[PDB]
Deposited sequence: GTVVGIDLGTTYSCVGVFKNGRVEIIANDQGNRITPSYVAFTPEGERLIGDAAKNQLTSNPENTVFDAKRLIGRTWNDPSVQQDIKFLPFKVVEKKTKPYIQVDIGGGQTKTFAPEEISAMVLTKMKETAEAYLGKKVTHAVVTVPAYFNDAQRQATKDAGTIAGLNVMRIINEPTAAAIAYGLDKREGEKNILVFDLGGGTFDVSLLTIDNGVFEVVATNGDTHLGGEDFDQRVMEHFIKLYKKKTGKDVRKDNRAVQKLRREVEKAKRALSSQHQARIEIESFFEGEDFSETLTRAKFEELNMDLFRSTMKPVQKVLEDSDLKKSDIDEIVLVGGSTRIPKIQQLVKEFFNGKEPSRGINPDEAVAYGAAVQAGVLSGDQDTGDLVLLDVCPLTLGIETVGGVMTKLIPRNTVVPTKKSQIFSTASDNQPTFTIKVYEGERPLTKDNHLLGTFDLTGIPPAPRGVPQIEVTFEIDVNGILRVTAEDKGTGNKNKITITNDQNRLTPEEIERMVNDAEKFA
């Protein structure tokens, strides 16, 4: 069976379509999203990320920033300034050098391969079978090199990447926006852990097109965490006099608490940050209000509107021209974000229902099912049918059908006719092809007579007219006096 994988900058997610529903699969730790992190032993996911504070030089993350790019790419030269691990050119490509005290050099797609191996190892456990096929998502702005590099990361991990799909397109498919009538302008607002992407999608009768894209490559949920961590470190110093910044474990534990507290503030107006051994055996427990969280981050929040205005004016659209707003990324749970977006679109409510950090993985899994042979319902048999309507002329030049259009061949169909006059001694069978009610508007294929009808009043004699089509398309029309056994036939080609 084939799975859907969201391979994100900061977190990755895996889903699958089974028993008429998509299932987002939790990992060994029970988390439905896995950090895109790799760190004597080799660690992948939550374990690797927990090591960052103590061993930054040899903890690899944000490989998606480098994948399928050249060393002299201004984006690469900019990003390597703030990455703690060693990035070196080799044949014009950026390579990551870490200490396993063995030193090793990894291509970005090799780090991504390890992350995909973990997501593959998450789905196999749940399903109880080996996973060999996947639909993998990429940002809409990815070029062929970045798409191929992502394909190669799947191949190294032992997956047949059937399709590579745009992240905004996958989000739209999760909300079933592909299964509506007419044309729709859709904005995708994607605020992830480390990246902000805005995408203007057009859908005209099932067909998706990415009109324009914008955002900020260095804005995400983790920037909101940093602002809160700053606040509580400053406050703890003021409350006590202990500076905590250089205590690896203190910052590690504070980050965990701020992440969970932030998520609670998406549901409630107050959350408690409780650390048990914060610094030198001292406990720390404080309340963070929603109001205080919003105050610390309001300028970051307001900055997400600027790229939204740019995609609109780059695509020659007004706010009014937008039909749907789809929210993607964990950070779009933040009530103030949803409030700002709604305010921006003069009272229009963004689309919600799917957990916004699972939306891309959900949509990937839907397309996965569409290419999955496991979802087999029932088989078809081709029918041989007659493309034309065949019949005979009745009193008044009326078209009486014996073989309707799309009747299956071979066939034998009989209808009973009688005389239109008292002691009528003969019938003329006039064979017609066409759809019109008067035979004058239809095509004559031929005629024959049936003579020697014994005398009787009108409507009393009983004649069976039979139309026979065999395999060759040979039409054979028979008229039989059922009373006597009198017969005549014609064969039309």
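Unmodelled regions of the deposited chain, listed from N- to C-terminal end, are 1, 41 to 44, 106 to 107, 501 to 522.
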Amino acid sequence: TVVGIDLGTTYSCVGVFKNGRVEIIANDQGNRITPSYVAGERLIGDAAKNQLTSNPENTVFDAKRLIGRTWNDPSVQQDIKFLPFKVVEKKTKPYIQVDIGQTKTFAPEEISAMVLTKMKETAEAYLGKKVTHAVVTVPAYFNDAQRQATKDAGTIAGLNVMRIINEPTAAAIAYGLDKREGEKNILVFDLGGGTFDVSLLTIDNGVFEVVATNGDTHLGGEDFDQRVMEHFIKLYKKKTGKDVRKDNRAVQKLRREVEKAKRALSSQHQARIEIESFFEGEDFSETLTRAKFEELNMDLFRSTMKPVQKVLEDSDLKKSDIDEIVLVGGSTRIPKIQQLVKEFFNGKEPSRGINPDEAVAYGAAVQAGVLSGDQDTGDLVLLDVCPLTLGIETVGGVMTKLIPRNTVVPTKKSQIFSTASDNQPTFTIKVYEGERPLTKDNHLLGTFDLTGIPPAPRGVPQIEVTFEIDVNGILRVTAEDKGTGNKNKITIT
From here on, numbers count along this sequence of modelled residues.
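A summary of the deposited B-factors shows that, of 135 to 143 and 180 to 188, the stretch with the larger mean C-alpha value is 180 to 188. If you average the C-alpha B-factors over 43 to 51 and over 62 to 70, the higher value belongs to 43 to 51. Based on the entry's C-alpha B-factors, the most elevated value among 306, 255, 292, 129 belongs to 129. Taking the PDB entry at face value, the top CA B factor among 226, 315, 169, 297 belongs to 315. In the PDB entry, a CA B factor belonging to the highest third of its chain's modelled residues is recorded for residue 99.
When all modelled residues of the chain are sorted by CA temperature factor, residue 2 is found within the highest third.
Residue 247 sits in the middle third of its chain by CA B factor, as recorded in the PDB entry. For residue 450, the recorded CA temperature factor ranks within the middle third of the chain's modelled residues. Ranked within its chain, residue 274 lands in the highest third, by CA B factor from the PDB record.
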